[PDB]
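Enquirer: One structure follows; several queries about it will come next.
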Amino acid sequence: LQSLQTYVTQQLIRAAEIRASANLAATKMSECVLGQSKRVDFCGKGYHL
Amino acid sequence: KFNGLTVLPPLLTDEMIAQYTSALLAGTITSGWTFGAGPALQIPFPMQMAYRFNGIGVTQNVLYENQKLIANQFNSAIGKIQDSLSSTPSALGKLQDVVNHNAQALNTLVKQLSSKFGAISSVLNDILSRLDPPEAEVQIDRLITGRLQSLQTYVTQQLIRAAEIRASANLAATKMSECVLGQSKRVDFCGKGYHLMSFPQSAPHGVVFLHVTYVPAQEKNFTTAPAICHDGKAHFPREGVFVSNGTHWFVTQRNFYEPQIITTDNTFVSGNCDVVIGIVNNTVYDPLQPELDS
Amino acid sequence: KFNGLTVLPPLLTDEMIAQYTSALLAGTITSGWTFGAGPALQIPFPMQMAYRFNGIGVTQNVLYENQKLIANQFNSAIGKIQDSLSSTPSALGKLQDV
Amino acid sequence: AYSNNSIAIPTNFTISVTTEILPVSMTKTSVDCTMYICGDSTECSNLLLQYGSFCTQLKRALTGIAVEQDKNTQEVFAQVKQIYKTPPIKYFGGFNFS
Amino acid sequence: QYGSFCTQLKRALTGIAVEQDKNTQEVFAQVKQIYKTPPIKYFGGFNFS
Amino acid sequence: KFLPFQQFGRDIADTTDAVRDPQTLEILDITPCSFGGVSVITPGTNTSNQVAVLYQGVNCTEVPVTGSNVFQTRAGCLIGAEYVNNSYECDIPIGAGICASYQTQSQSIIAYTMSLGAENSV
Ligand SMILES: *[C@@H]1O[C@H](CO)[C@@H](O)[C@H](O)[C@H]1NC(C)=O
Ligand SMILES: *[C@@H]1O[C@H](CO)[C@@H](O)[C@H](O)[C@H]1NC(C)=O
Ligand SMILES: *[C@@H]1O[C@H](CO)[C@@H](O)[C@H](O)[C@H]1NC(C)=O
Ligand SMILES: *[C@@H]1O[C@H](CO)[C@@H](O)[C@H](O)[C@H]1NC(C)=O
Ligand SMILES: *[C@@H]1O[C@H](CO)[C@@H](O)[C@H](O)[C@H]1NC(C)=O
Ligand SMILES: *[C@@H]1O[C@H](CO)[C@@H](O)[C@H](O)[C@H]1NC(C)=O
Ligand SMILES: *[C@@H]1O[C@H](CO)[C@@H](O)[C@H](O)[C@H]1NC(C)=O
Ligand SMILES: *[C@@H]1O[C@H](CO)[C@@H](O)[C@H](O)[C@H]1NC(C)=O
Ligand SMILES: *[C@@H]1O[C@H](CO)[C@@H](O)[C@H](O)[C@H]1NC(C)=O
């Protein structure tokens, strides 16, 4: 039971990290694909087209 | 009041949160985005809306000419917000999710007090009375380590849930700064459409942003060209796009159809008519000649 | 499935994900940024590139007088992406780590 | 309808008002480790004293969460230095706001 | 007799599993219609093949 | 109103809430004995040794007994600080909109409702 509880806790921490990454990917889809961005280095190095 | 668990009151009362939200609304309505960067400078509200229309690439004469229609559309949309929230039973489901996870954690913690934890009984008085000191001591230690582990689990889950709430509150503060205190050019930040304004409203343990956006509505097909050839020179629109309704060529603004005569005022010249791929032949009016000759 | 551990399939299949990304590309190529804010409004692709050039502070004639050069540079860069992904160990390292 | 010289331009517009709902804080809770585990059983208290300093660091963790909740609220809502009031005459060009 | 350890473990893993589908939904299901590219693939000399 | 055969009530979390007195059959609510944390409110020891005490979530008709000032806030009972009717920026947050601070009164610990800022009509 303790080992299973630790597995679930690690999964929760890892899922929080994946959720931050997926929120960033959703922001990049909205702002780099569905628009043109002025934020420096948010899309790439240079002036985003 | 149950088993050493307590709920602390928040520092800011709901009346104070509502006072904050009222100050934010008053600042936005009476001064625009100026109160967020310095002193609040007053401006008539239609002029503020004209600035917002400029910010999304639409000329302000469009606002001033469609003022009553824009006001009516806004009023209808706000009424519909009220109606939509009166209905659709789960629209505030994120706030409810936060509350429910909090309550489930506490009730699970309380119900873990009754579990025997591998011991003879869950009551300390019973284990104390019904056994000799050493054996009862071992049984009570089993209970103690069980309860301590349960409490440690609860605290760790609360840490993880608070990290998620902090991410959400950081996003909400960014949206208050960038959607309410300004006009955002970021896409789909501040709602779908071209952002014009946002209004905050306080909710139990949360915030609600009403995002007012501009949505283009009734499209027409036109023929277009990159440049126009006149006197062997190529002309490009200073701001706008060359369009044709079939016979005549106009220059319009890219987000609203408002055709105008191609003039040296609304175009600029660069190079000759040889390099641009798709340049069409038309005349560019010069205001100076007829008003000089007459 | 081994010892009471099971793996649940994702709701969207990889073909569905491919369909969404294909729709996003079709919208960008045929309409620009207009489909992300409302109805999709067609625009010729060089004119959309001219709008993007105005976006970064360059004028339109810089696009239209170098259109062939810009298109060649883009084509070469895309081919380089293809190659650079074919041969680099742990280019897709983040997904592998996940 | 992508073609190589056709454009679509909107002739009207609509004003949308949409809603976004964001959580800001959660409930601040505290726990008496002793009163939870033991409940006025002095034998339990004496035994519990020999598990180290678990109690103090659970206390510290929960206090950190509780302070963070108030910080969350402050950094979302206290973004105005001054408390602004709307004028008594509520005419704003035909926009209602009521 | 260990209590509700294994109802909350299952609930936590179910929350993670629902969150994964939400992640994919917010990144990819942004576009409302399925746009198609024209049969004639001329885009001014830019090659998207 | 217990059914005639029912002896003790019980709550959502299965905690005994009421009982039936066996000798005479009436229903008695059981309420947990009052508890809570105790917070000490201080200005730095670099300014004063004065102290106020807050019994959190406790009505203080049950507090057994700083200063003789005794005030009932929605956070609990505050002892050793006097509630004034002014409002200032929050110095030490007590809760429910109540803050405390060290002020000339000569010096003492006061409690007040925090001000959110200065009014301003544009
Ligand atoms: C433009 O023409 C296409 C056909 O080529 C048609 O499908 C489309 O609906 C037209 N657009 C408008 C706004 O009428
Ligand atoms: C195009 O617009 C002009 C306005 O100058 C109008 O006179 C003409 O009839 C229009 N042509 C077509 C084909 O609609
Ligand atoms: C435009 O006019 C010039 C001179 O009048 C001529 O050489 C050229 O062929 C014309 N272009 C078209 C597309 O008719
Ligand atoms: C548009 O013009 C180009 C010539 O530059 C041609 O290759 C392409 O097929 C044309 N497209 C259509 C739909 O006529
Ligand atoms: C724009 O749409 C409104 C409805 O929202 C309509 O009443 C109005 O006539 C339209 N404007 C034009 C120029 O067609
Ligand atoms: C604002 O809307 C309300 C409906 O909620 C309406 O009763 C009121 O008359 C409107 N304000 C004005 C100035 O018409
Ligand atoms: C696009 O590039 C591919 C190579 O990646 C090439 O085979 C193809 O011919 C190109 N398309 C056109 C229309 O030239
Ligand atoms: C117990 O005896 C007392 C005698 O005064 C009486 O008042 C009470 O009703 C009795 N209770 C029961 C349950 O018989
Ligand atoms: C204790 O204080 C509370 C205020 O929090 C009040 O409602 C309650 O009536 C008080 N109890 C008594 C016995 O005065």
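Numbering starts fresh at 1 for the residues of each chain in the structure tokens, the chains themselves are lettered A, B, ... in the order given, and ligands are numbered from 1 as they appear.
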Pull out every residue of chain D sitting within 6 Å of chain B, counting only C-alpha atoms, and send them as a ChimeraX atom specification.

Expert: /D:5-25,28-32,35-37,72,76,83-86,92,94-95

Enquirer: Mind writing the picked residues with C-alpha atoms as a PDB file, in the first residue's frame?

Expert:
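Output file out-v7.pdb follows:
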ATOM      1  CA  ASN D   5      -5.976  36.526 -56.660  1.00  0.00           C
ATOM      2  CA  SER D   6      -9.201  36.443 -54.604  1.00  0.00           C
ATOM      3  CA  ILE D   7      -9.775  38.044 -51.223  1.00  0.00           C
ATOM      4  CA  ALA D   8     -12.601  38.044 -48.694  1.00  0.00           C
ATOM      5  CA  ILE D   9     -13.333  41.151 -46.667  1.00  0.00           C
ATOM      6  CA  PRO D  10     -15.941  41.508 -43.911  1.00  0.00           C
ATOM      7  CA  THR D  11     -18.646  44.092 -44.390  1.00  0.00           C
ATOM      8  CA  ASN D  12     -20.087  44.053 -40.872  1.00  0.00           C
ATOM      9  CA  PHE D  13     -19.137  42.956 -37.385  1.00  0.00           C
ATOM     10  CA  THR D  14     -20.607  41.724 -34.156  1.00  0.00           C
ATOM     11  CA  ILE D  15     -19.731  42.409 -30.531  1.00  0.00           C
ATOM     12  CA  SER D  16     -19.171  39.247 -28.509  1.00  0.00           C
ATOM     13  CA  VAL D  17     -19.101  39.057 -24.731  1.00  0.00           C
ATOM     14  CA  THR D  18     -17.737  35.755 -23.460  1.00  0.00           C
ATOM     15  CA  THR D  19     -16.965  34.470 -19.983  1.00  0.00           C
ATOM     16  CA  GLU D  20     -13.822  32.994 -18.446  1.00  0.00           C
ATOM     17  CA  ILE D  21     -13.840  31.575 -14.917  1.00  0.00           C
ATOM     18  CA  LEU D  22     -10.629  31.166 -12.945  1.00  0.00           C
ATOM     19  CA  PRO D  23      -9.981  29.759  -9.462  1.00  0.00           C
ATOM     20  CA  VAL D  24      -7.883  32.021  -7.256  1.00  0.00           C
ATOM     21  CA  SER D  25      -7.744  30.564  -3.759  1.00  0.00           C
ATOM     22  CA  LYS D  28      -7.182  27.692   4.538  1.00  0.00           C
ATOM     23  CA  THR D  29      -7.093  24.809   6.983  1.00  0.00           C
ATOM     24  CA  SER D  30      -5.122  23.976  10.094  1.00  0.00           C
ATOM     25  CA  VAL D  31      -4.690  20.716  11.965  1.00  0.00           C
ATOM     26  CA  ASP D  32      -3.766  20.000  15.562  1.00  0.00           C
ATOM     27  CA  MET D  35      -5.620  16.420  18.970  1.00  0.00           C
ATOM     28  CA  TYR D  36      -6.177  14.587  15.690  1.00  0.00           C
ATOM     29  CA  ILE D  37      -4.015  11.556  16.415  1.00  0.00           C
ATOM     30  CA  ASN D  72      -3.008  34.658  -4.333  1.00  0.00           C
ATOM     31  CA  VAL D  76      -5.152  39.023  -8.360  1.00  0.00           C
ATOM     32  CA  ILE D  83     -10.538  53.034  -5.007  1.00  0.00           C
ATOM     33  CA  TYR D  84     -12.214  54.640  -8.004  1.00  0.00           C
ATOM     34  CA  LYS D  85     -15.883  55.570  -8.035  1.00  0.00           C
ATOM     35  CA  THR D  86     -18.130  55.779 -11.039  1.00  0.00           C
ATOM     36  CA  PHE D  92     -21.604  56.317 -21.078  1.00  0.00           C
ATOM     37  CA  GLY D  94     -25.407  54.363 -24.728  1.00  0.00           C
ATOM     38  CA  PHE D  95     -23.440  51.516 -23.197  1.00  0.00           C
TER      39      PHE D  95
END

Enquirer: For ligand 8, collect every residue having any atom at a distance of at most 10 Å from a ligand atom (counting only C-alpha atoms and all ligand atoms); output as a list in words.

Expert: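 Going residue by residue within 10 Å of ligand 8, we get residues 21, 22, 23, 24 and 25 of chain F.
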
Enquirer: Please dump the current selection as an mmCIF file, in the first residue's frame; keep N, CA, C and O atoms.

Expert:
data_model
loop_
_atom_site.group_PDB
_atom_site.id
_atom_site.type_symbol
_atom_site.label_atom_id
_atom_site.label_comp_id
_atom_site.auth_asym_id
_atom_site.auth_seq_id
_atom_site.Cartn_x
_atom_site.Cartn_y
_atom_site.Cartn_z
ATOM 1 N N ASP F 21 -31.202 10.282 26.419
ATOM 2 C CA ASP F 21 -30.923 10.023 27.818
ATOM 3 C C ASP F 21 -31.660 8.763 28.241
ATOM 4 O O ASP F 21 -32.877 8.678 28.052
ATOM 5 N N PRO F 22 -30.973 7.751 28.768
ATOM 6 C CA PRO F 22 -31.666 6.488 29.047
ATOM 7 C C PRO F 22 -32.691 6.574 30.158
ATOM 8 O O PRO F 22 -33.780 6.010 30.017
ATOM 9 N N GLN F 23 -32.389 7.259 31.259
ATOM 10 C CA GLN F 23 -33.352 7.362 32.353
ATOM 11 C C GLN F 23 -34.636 8.018 31.879
ATOM 12 O O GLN F 23 -35.708 7.409 31.894
ATOM 13 N N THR F 24 -34.543 9.272 31.469
ATOM 14 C CA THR F 24 -35.644 10.008 30.869
ATOM 15 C C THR F 24 -35.359 10.216 29.391
ATOM 16 O O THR F 24 -34.256 10.618 29.020
ATOM 17 N N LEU F 25 -36.339 9.926 28.551
ATOM 18 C CA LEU F 25 -36.093 9.839 27.115
ATOM 19 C C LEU F 25 -36.222 11.223 26.490
ATOM 20 O O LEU F 25 -37.288 11.621 26.024
#

Enquirer: Residues within 9 Å of ligand 7, counting only C-alpha atoms and all ligand atoms: report them as a PDB file with C-alpha atoms, in the first residue's frame.

Expert:
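result.pdb was written with the following content:
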ATOM      1  CA  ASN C  75      11.818  25.871 -49.358  1.00  0.00           C
ATOM      2  CA  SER C  76      15.472  25.221 -48.548  1.00  0.00           C
ATOM      3  CA  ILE C  78      11.998  23.306 -44.784  1.00  0.00           C
ATOM      4  CA  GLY C  79      14.100  20.676 -46.542  1.00  0.00           C
ATOM      5  CA  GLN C  82      13.452  17.268 -42.878  1.00  0.00           C
TER       6      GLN C  82
ATOM      7  CA  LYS E  41      -1.190  23.523 -54.582  1.00  0.00           C
ATOM      8  CA  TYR E  42       0.275  26.754 -55.970  1.00  0.00           C
ATOM      9  CA  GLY E  45       6.145  29.484 -55.080  1.00  0.00           C
ATOM     10  CA  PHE E  46       6.124  28.375 -51.454  1.00  0.00           C
ATOM     11  CA  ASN E  47       6.187  24.589 -51.152  1.00  0.00           C
ATOM     12  CA  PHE E  48       4.292  23.017 -48.255  1.00  0.00           C
ATOM     13  CA  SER E  49       4.481  19.374 -49.340  1.00  0.00           C
TER      14      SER E  49
END

Enquirer: Find the residues of chain F in contact range of chain B, meaning any atom within 8 Å when counting only C-alpha atoms, and list them as a list in words.

Expert: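 That gives residues 13, 14, 32, 35, 36, 57, 74, 75, 93, 94, 95, 96, 97, 98, 116 and 122 of chain F for chain F.
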
Enquirer: Can those selected residues be exported to a file as an mmCIF file, in the first residue's frame so that it contains N, CA and C atoms?

Expert:
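What follows is the written file selection_17.cif:
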data_model
loop_
_atom_site.group_PDB
_atom_site.id
_atom_site.type_symbol
_atom_site.label_atom_id
_atom_site.label_comp_id
_atom_site.auth_asym_id
_atom_site.auth_seq_id
_atom_site.Cartn_x
_atom_site.Cartn_y
_atom_site.Cartn_z
ATOM 1 N N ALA F 13 -19.989 12.228 8.843
ATOM 2 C CA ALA F 13 -18.708 11.567 9.041
ATOM 3 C C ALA F 13 -18.771 10.481 10.096
ATOM 4 N N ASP F 14 -19.974 10.073 10.493
ATOM 5 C CA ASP F 14 -20.169 9.056 11.520
ATOM 6 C C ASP F 14 -19.521 9.466 12.842
ATOM 7 N N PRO F 32 -18.585 19.358 20.475
ATOM 8 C CA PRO F 32 -17.197 19.202 20.918
ATOM 9 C C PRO F 32 -16.772 20.350 21.818
ATOM 10 N N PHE F 35 -11.949 24.287 21.153
ATOM 11 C CA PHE F 35 -10.510 24.243 20.969
ATOM 12 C C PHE F 35 -10.128 25.245 19.896
ATOM 13 N N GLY F 36 -8.833 25.397 19.689
ATOM 14 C CA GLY F 36 -8.333 26.286 18.662
ATOM 15 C C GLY F 36 -6.886 26.621 18.909
ATOM 16 N N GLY F 57 -11.025 31.259 16.193
ATOM 17 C CA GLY F 57 -12.253 30.502 16.069
ATOM 18 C C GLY F 57 -12.872 30.150 17.398
ATOM 19 N N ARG F 74 -14.371 37.982 13.777
ATOM 20 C CA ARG F 74 -14.792 36.767 13.104
ATOM 21 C C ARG F 74 -13.691 35.722 13.043
ATOM 22 N N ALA F 75 -12.454 36.088 13.353
ATOM 23 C CA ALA F 75 -11.369 35.127 13.441
ATOM 24 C C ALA F 75 -11.239 34.494 14.818
ATOM 25 N N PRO F 93 -1.821 41.200 9.534
ATOM 26 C CA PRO F 93 -3.140 40.668 9.177
ATOM 27 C C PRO F 93 -3.650 39.699 10.230
ATOM 28 N N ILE F 94 -4.808 40.004 10.794
ATOM 29 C CA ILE F 94 -5.443 39.107 11.745
ATOM 30 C C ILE F 94 -6.445 38.200 11.057
ATOM 31 N N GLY F 95 -7.280 38.755 10.201
ATOM 32 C CA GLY F 95 -8.212 37.961 9.423
ATOM 33 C C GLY F 95 -9.571 38.616 9.361
ATOM 34 N N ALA F 96 -10.357 38.200 8.374
ATOM 35 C CA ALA F 96 -11.697 38.723 8.128
ATOM 36 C C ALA F 96 -11.703 40.236 7.963
ATOM 37 N N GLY F 97 -10.644 40.786 7.392
ATOM 38 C CA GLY F 97 -10.546 42.211 7.213
ATOM 39 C C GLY F 97 -10.016 42.975 8.397
ATOM 40 N N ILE F 98 -9.642 42.303 9.474
ATOM 41 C CA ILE F 98 -9.119 42.948 10.668
ATOM 42 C C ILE F 98 -7.606 42.834 10.644
ATOM 43 N N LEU F 116 -8.808 49.719 1.953
ATOM 44 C CA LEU F 116 -8.354 49.201 0.675
ATOM 45 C C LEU F 116 -7.607 50.232 -0.149
ATOM 46 N N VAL F 122 -12.988 59.935 -10.576
ATOM 47 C CA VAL F 122 -12.433 60.525 -11.780
ATOM 48 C C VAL F 122 -13.487 61.437 -12.382
#

Enquirer: Can you pull out every residue within 10 Å of residue 22 in chain E, counting only C-alpha atoms, but drop anything in the same chain fewer than 5 positions away, and send it as a count of residues only?

Expert: 7

Enquirer: Which residues of chain A are close to chain C, meaning at most 12 Å apart when you count only C-alpha atoms, and how do they look as JSON, numbers by chain?

Expert: {"A": [4, 7, 11, 14, 15, 17, 18, 21, 29, 30, 31, 32, 33, 34, 35, 36, 37, 38, 39, 40, 46, 47, 48, 49]}

Enquirer: Residues within 12 Å of residue 101 in chain F, please, as a compact mmCIF listing (two decimals) with C-alpha atoms, in the first residue's frame. Count only C-alpha atoms; anything in the same chain fewer than 6 positions from it doesn't count.

Expert:
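The result, stored in around_32.txt:
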# COMPACT_ATOMS: atom_id res chain seq x y z
CA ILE F 41 0.69 39.32 17.66
CA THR F 42 3.79 41.37 18.21
CA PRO F 43 5.55 44.39 16.88
CA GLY F 44 9.19 43.51 16.74
CA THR F 47 10.23 48.25 19.27
CA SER F 48 8.28 46.90 22.24
CA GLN F 50 3.96 44.41 24.24
CA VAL F 51 1.86 41.53 22.95
CA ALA F 52 -1.68 40.74 21.84
CA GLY F 80 -4.60 42.96 24.52
CA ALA F 81 -5.59 45.08 21.52
CA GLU F 82 -8.30 47.72 21.34
CA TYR F 83 -10.58 48.06 18.35
CA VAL F 84 -10.49 51.60 16.97
CA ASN F 86 -10.19 54.27 11.98
CA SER F 87 -8.89 52.40 8.95
CA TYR F 88 -5.30 52.07 7.77
CA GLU F 89 -3.29 49.92 5.40
CA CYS F 90 -2.89 46.42 6.77
CA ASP F 91 0.15 46.13 9.05
CA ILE F 92 -0.32 42.74 10.72
CA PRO F 93 -3.14 40.67 9.18
CA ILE F 94 -5.44 39.11 11.74
CA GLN F 107 1.85 53.43 22.41
CA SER F 108 -0.40 50.38 22.31
CA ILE F 109 -1.57 47.64 19.97
CA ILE F 110 -4.76 48.55 18.12
CA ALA F 111 -7.05 46.50 15.91
CA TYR F 112 -8.97 47.94 12.98
CA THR F 113 -10.67 47.15 9.70
CA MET F 114 -8.18 47.58 6.90
